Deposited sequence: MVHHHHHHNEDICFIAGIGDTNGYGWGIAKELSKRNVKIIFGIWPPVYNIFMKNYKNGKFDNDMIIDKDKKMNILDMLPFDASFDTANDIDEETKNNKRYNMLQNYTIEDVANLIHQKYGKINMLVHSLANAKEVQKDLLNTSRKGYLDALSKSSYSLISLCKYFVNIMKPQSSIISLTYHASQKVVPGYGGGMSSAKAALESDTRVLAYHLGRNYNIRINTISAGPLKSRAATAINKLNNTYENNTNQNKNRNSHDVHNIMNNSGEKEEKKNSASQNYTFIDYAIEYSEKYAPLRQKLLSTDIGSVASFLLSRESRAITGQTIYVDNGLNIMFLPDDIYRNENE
């Protein structure tokens, strides 16, 4: 059978959940990587049934969640954790670095064949690029971009040949969006470029594919935290070629396709799933 690890789920309002739902229609087994500071909250909500409606796929099936594990994209191996190891919210957790989660998944379930990067962070996202500190900019690149490379480096060993990987990006990398601050734009630019270079190395060495989905705006918790997202949604719904509301499951079905054998000849691409908004220059 097929197993997908999804790194970057904090709740049911994001793209990670949508991707999980859609993969579920194809009977893919799902493992969630959850950022430790919100891990116990998530587990609490889940156990309390808060996500039950959200887990419903169709009349016949609910989402098959194989496992849920703490996962922090800041840390490559156990050797990289600063203190933090004993922070209030990290202390009762273990094995949450990228390599540790890879070893854990492999130990419990064997090899997987789908990998989803669905996470971003930037401590200074509220500042515009020109007022971003070095520390802030590098945090953004570290968490939003390098984490993709690191995820690939540790997970290829536990993947099958002809496996497939995706991440999520945003058009601010290619065209200016004021409000998308703190080096987030820069991080998505690196991410899209890295997707190509990784596609070369993964393709030639392992026959593994990798692509990125450039999504349109979604009112996820993180987006709301940057409002900017309300403007972006209102603007997209007024001016995109397609005026339907953009759903997380619209990204999910594209992700589902890029992660399956049906897209076997697609790699290294940035695929726009945004109701066509990226193609517009002058709003009518």
In sequence order, the deposited-sequence ranges that have no modelled C-alpha atom: 1-9, 92, 237-279, 338-345
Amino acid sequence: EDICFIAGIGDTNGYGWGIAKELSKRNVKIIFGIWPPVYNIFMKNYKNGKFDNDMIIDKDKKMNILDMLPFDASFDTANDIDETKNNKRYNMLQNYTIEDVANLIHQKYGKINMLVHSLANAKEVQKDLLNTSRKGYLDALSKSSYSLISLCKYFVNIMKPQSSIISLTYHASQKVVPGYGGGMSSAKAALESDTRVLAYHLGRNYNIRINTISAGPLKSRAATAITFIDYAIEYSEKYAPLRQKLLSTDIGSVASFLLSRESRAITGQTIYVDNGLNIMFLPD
From here on, numbers count along this sequence of modelled residues.
Higher-B stretch (mean Cα B-factor, as the entry records it), 232-240 or 55-63: 55-63
Comparing 202-210 with 90-98, the one whose average Cα B-factor in the PDB entry is higher: 90-98
Residue with maximal Cα B-factor (values as given in the PDB entry) among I226, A255, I31, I34: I226
Residue of maximum C-alpha B factor among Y109, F71, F155, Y137, per deposited coordinates: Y109
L282 by Cα B-factor - lowest, middle or highest third of the modelled chain: highest
Chain thirds of CA B-factor: placement of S263: middle
Among modelled residues of the same chain, the CA temperature factor third for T77: highest
CA B-factor ranking of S150, expressed as a third of its chain: middle
Chain third (lowest, middle, highest) by recorded CA B-factor, residue given as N113: highest
